[PDB]
Structures are given as C-alpha cells and as structure tokens.
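For neighbour counting, all protein chains shown are included, and Cβ atoms are generated from backbone atoms with ideal geometry for every residue, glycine included. Just so it is clear, none of the values below were taken in a lab; they were calculated from the coordinates.
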Ligand SMILES: NC(=O)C1=CN([C@@H]2O[C@H](COP(=O)(O)OP(=O)(O)OC[C@H]3O[C@@H](n4cnc5c(N)ncnc54)[C@H](OP(=O)(O)O)[C@@H]3O)[C@@H](O)[C@H]2O)C=CC1
C-alpha cells in the first residue's frame, strides 16, 4: 500500500515535471519557423551484429535467471548436490561464453 | 532633387536606389518581405520598431551597411513619427492586428495610427505615402476589423490626398495567417468565395507603386488570378498538407467573400503577374506535411 503510494507519487511528480517541461516554453509566442543528419534519405541498414549481442544478452540473462536463488540455496541440507548444480550452472554459462568466443560470435562487438 | 538620392549602380546590394523609405509595421509579415525587396535594391530603409530589438534581427541581413536604421516609436507619440519620417521620400504603413489588445483596439490600430502617420508625413513634406488596407473593407461590414479599416482608408485619403492605398485580398506566404490558419485548424464550408494573392506579388506591387509616378492618389486592389470557394480551398490546403489562437472576428472575416472591384486597378497595371496558388502552396505547406488542384469558379 505504501509502495503503491510511493510509486504513484513518483509517477505523478515525473508527469508533472514533463508537463511543465512541455508547456512552460510553449507559453512563449516566439516565432513560427519555416523549413524545420549524416545519412540523407536511405533506409536503416540492419546490422546482424547488434541483433547477435541482444540475443546473447537474452540467453545469458536466462542463465542468470537460473542463477539468482543461490543466497537461499546455500541454506540447504543437501549441500553436495546444491554445490554441484550451482557450479554446473556457472560452468554452463562459461561454456556458452566459450562457444560464443570460439565461433567468431563476439567479433567487432567483442 | 538632391545629389545623394540620385540612383546609381546596377540595382544590386551595394547600389543606391534613391528610395528613402520609412516602413511602419515592418517587424511583421509584409514588412519582412518589403524590407527584403527594398534592401536588395540599395534603399535607405528606416524601420521604426515597437517591439524588442531581438525581434528585429531578421531584418538586419536584408540590406547593406548603414542601409537599415532602426529607431523607437510609439503609435500615440507624434514626436517619434516625425523623428522617423522627416528624411523619407516614401512612407509605407503596415500597422495591423488580427486581434484587439488591452492597449490597442482595431480603432487605434486602423484609424488613429494611420491618420497620425499620414498627417505627420504630410506636414514633414514626404512626397509619397502607401497605405495598406484590406480588399473587403466596408463601413456596414460585419467585422470590426473591416469597419475600422474602411474608416481609416477614408481618413488616410482625406488627410494625405495623394496617398496610394492598396487593397490585398488574403495574402499567403510562409509566415501568413491564411494558409497556416487553415492547416493548423484541424472553420467550416460555406458559399464564401476568395481569391488569395501571393506575398511576393504584393511586394513587387508595392515597389512598383513606389516607383510609378502615376500611382499617386489612386487606389489599388491586389487580388490573385483564381477565385476559389472557401470549402474546396480549405480541403485543398488539408490535402497538400496531408491532413484528414482564434477569435470570432477572424471567423467572420474568413466567411466574408472577397468582393470584386473592377473599377480599381490591380497587379497587372503595375507590371506584376500574379503567381497562382498551385505553384506556392507546397512551398507554404511543406512544413506541415509529415495532388489534384483546387476548383476555380
Ligand atoms: N493577410 C494579411 O496579413 C493582410 C494584411 N493586410 C494589412 O497589411 C498590414 C500588415 O499585415 P501583416 O504583416 O500581415 O500583419 P502583422 O501582424 O504580421 O504585422 C503588423 C505590424 O504592425 C505592428 N503593429 C501592430 N500593432 C501595432 C501597434 N499598436 N503599434 C505599433 N506597431 C504595431 C507589428 O509590430 P510588432 O510585432 O512589434 O507588434 C507588425 O510590425 C496591416 O495594415 C494589415 O491590415 C491587409 C490585407 C491582408
């Protein structure tokens, strides 16, 4: 309840600052301008490399999603199994990074 | 004729045109292109300004060194008017407002300021005077704008008898309030008939009224080549602009049909051929857009 009141107050203050930032210089009657880039009129060239770094982020973020409950996972009574599977998850993240390395995946955005 | 005011040069920037002009109301829409066209000949252009000197910056590249003199003036101060016109050989009046303010109404802007400018210009010995009225100025008209502008036309005629009064219909350009009004309105269709005139045609008409000695004491009506209805004009403006502040006096003047005065001379009697709307409407409305032309009558 207090969290939502805090979030609603933050959103209200942000909306108020944006509204003042868009309306206060529009109070000026400055001038209506006539005749309002490096590339002129080309289309956006698709870079495969930027898509590759975004997908590599998404997959490593899923591996991180597996990694997150470790501060609770250390509290278990099966510590050999927990330690093995924790090192196995971090090792599979390392193997994913190593395969990303060795197949020219991290090139020109290394 | 004084020696310093004989024309010299090939009519360029650094020449002397012999026109020593005072342009009242030069910090607006017509005074902009008029001071451009006078300064490209080499005229001494006195620009009396009422506003902040920041708002007269765009007039400064329009002439050569020393050719534009900015000086302060109040409309209700005859001393400032005499201080501005006592060296001119032509005075152009362009003071106008689409809206009436707290200190100035349509009466003071369209009657008192033009009559005081014309009377002080008469008693300062200025040879020529150009007054800018509206085509639809009428005493019995529905809008207070056109009523006070017809009265001010009458007073400018009676107190400066050799004045050159010019009647534009509805001027369109980049900084207008005619096509940019219709493009930003996003008011309705009627049987109102208009013929808009392009601003460079009006400005060449005012120059040719300065230069022609036969334009003294005459009255000119500057209209465009094509009479349009209101509805097909407004839909054409929304079509060129790729589209699916106001007051009631402006709306009553938009719905005022542009009268036809064939007994008054126009642009063709000053050597100006009126540019049609279909050449310049994309130049005006290219800013608004993120085509079959309009029907004439
Ligand atoms: N489409 C049109 O605009 C048409 C215009 N006309 C006439 O042509 C003239 C100019 O029109 P336009 O350029 O379009 O309009 P603007 O409003 O753009 O220009 C008006 C000019 O007059 C000045 N001015 C206005 N009120 C006062 C005042 N009370 N005291 C001193 N200066 C004042 C303004 O200066 P500032 O910015 O400092 O206030 C500005 O320089 C007017 O006489 C108008 O009636 C005729 C037909 C059509």
Within region A:57-99, the residues whose backbone N lies under 13 Å from a label point placed 7 Å from the Cα of residue A:14 along the Cα-to-Cβ direction are none
Determine the calculated [θ] at 222 nm for chain B from helices alone, applying -39500 (n - 2.57) to every DSSP H run no shorter than 4 residues and normalising by the residue count; nearest 500 deg cm²/dmol.
-> -9000 deg cm²/dmol
Of the beta bridges DSSP finds with both residues in the protein assembly as shown, what % are antiparallel, to the nearest 5?
-> 15 percent
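Sorted by average packing, counted as other Cβ atoms within 10 angstrom per residue and highest first, what order do A:14-26, B:129-141 take?
B:129-141, A:14-26
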Hydrodynamic radius of the protein assembly as shown per Kirkwood, over alpha carbon pairs, in Å = 26.4 Å
With a bin width of 10 angstrom, please list the P(r) values of region B:181-266 as percents of all Cα-Cα pairs, from the 0 bin to the one holding the largest distance.
-> 15, 38, 30, 15, 2
When DSSP assigns beta bridges and you keep just the ones with both residues in region B:1-143, what percent turn out antiparallel, to the nearest 5?
-> 5 percent
Estimated FRET transfer efficiency (residue A:30, residue B:295; beta-carbon r; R0 45 Å; 0.05) | 0.75
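Compute the normalised compactness of chain A: alpha-carbon radius of gyration over 2.2 N^0.38 Å, N being the residue count.
Normalised by 2.2 N^0.38 Å, the Cα Rg of chain A equals 1.92.
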The value for region B:12-157 (convex hull of the alpha-carbon atoms, volume per residue, Å³) is 103 Å³
Quick one: what does P(r) look like for chain B with 10 Å bins over all Cα pairs, in whole %?
-> 6, 28, 36, 23, 7, 1, 0
